[PDB]
Amino acid sequence: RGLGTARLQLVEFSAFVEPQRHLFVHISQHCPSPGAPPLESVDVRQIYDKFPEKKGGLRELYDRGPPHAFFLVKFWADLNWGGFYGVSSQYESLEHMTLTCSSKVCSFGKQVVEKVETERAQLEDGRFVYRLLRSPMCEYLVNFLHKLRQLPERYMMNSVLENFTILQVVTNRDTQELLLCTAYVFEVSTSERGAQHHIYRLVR
Ligand SMILES: c1ccc(COc2ccc3[nH]ccc3c2)cc1
């Protein structure tokens, strides 16, 4: 499938730096069409420890449901490049909604940043689109990225990134319904191979 539900679909996601653009990670679901197949599944239990077991932790979130709203993205990021560091997200749906978008940056399973944004639906092409464009990337991530690009060896970046995760929770602001919950894990790619990603379903 893709990263989305009947109610809300991710359309594009990127994290980038501008002085053109450099993209650290990118999901295009404009992609688009598959030809096949469905998404592989990963047992959400094997990643409880990469996020806080406190309130709003993975286990708590998944317990309430709905379980089909839960995805894991593995990113191989491109760190070969002080400009403007940005994140851009676009969702779409057929219903009119206001979204609450929470991003939780985690280091060794502890939250070091929570970022909460709100985005109202916008009618376009007979569907509703939710554009969170050019949101300044938090300072901790900028500083982290500047240190990460210093490491002399890709495998050392990977070692450092094995304890770094992001949890993104999109809820219907009005109703409090969870719409999408995405866990992100990270390695690095080469400049030659370019950034890449793999989306899974989280199951239990
Ligand atoms: C390591 C590699 C790439 C990057 C790109 O920076 C971001 C920033 C916000 C994000 N939200 C979901 C993935 C994501 C990525 C950060 C750290």
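Along the sequence shown, the residues carry numbers beginning at 1. First listed ligand is number 1; within each ligand, the first listed atom is number 1. The analysis underlying the following values was restricted to heavy atoms, covering all of them including side chains, and did not include hydrogens, waters or symmetry mates.
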Which atom pairs, one a donor and one an acceptor, fall under 3.5 Å between side chains of residues 75-87 and the rest of the protein, sequence neighbours left out?
| residue | atom | partner | partner atom | Å |
| --- | --- | --- | --- | --- |
| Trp76 | NE1 | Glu187 | OE1 | 3.4 |
| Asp78 | OD1 | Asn80 | N | 3.1 |
| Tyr85 | OH | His146 | NE2 | 2.5 |

**Request:** Quick one: sort the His22 and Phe24 rings into parallel, tilted or perpendicular, breaks at 30° and 60°.
**Result:**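 Geometry flag for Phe24 against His22: perpendicular rings.
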Checking the side chain of [X] only, and the main-chain atoms of [Y] only, is there a donor and an acceptor separated by less than 3.5 Å?
{"X": "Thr5", "Y": "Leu8", "value": "yes"}
{"X": "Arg173", "Y": "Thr98", "value": "no"}
{"X": "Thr175", "Y": "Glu177", "value": "yes"}

**Request:** Run through ligand 1 for me and note each protein residue having a heavy atom under 4.0 Å from it, chain first, then residue number.
**Result:**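 Residue list for ligand 1: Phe13, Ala15, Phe24, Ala77, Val87, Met137, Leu141, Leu145, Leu161, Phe164, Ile166, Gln168, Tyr184, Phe186.
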**Message:** Assess the residue pair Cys181 and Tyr62 against the criterion (side-chain contact (heavy atoms from CB on, under 4.5 Å)); give the C-alpha distance rounded to whole Å, side-chain angles, the decisive distance to 0.1 Å, and a yes or no.
**Reply:** CA-CA 9 Å; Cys181 173; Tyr62 200 97; over 6 Å; no
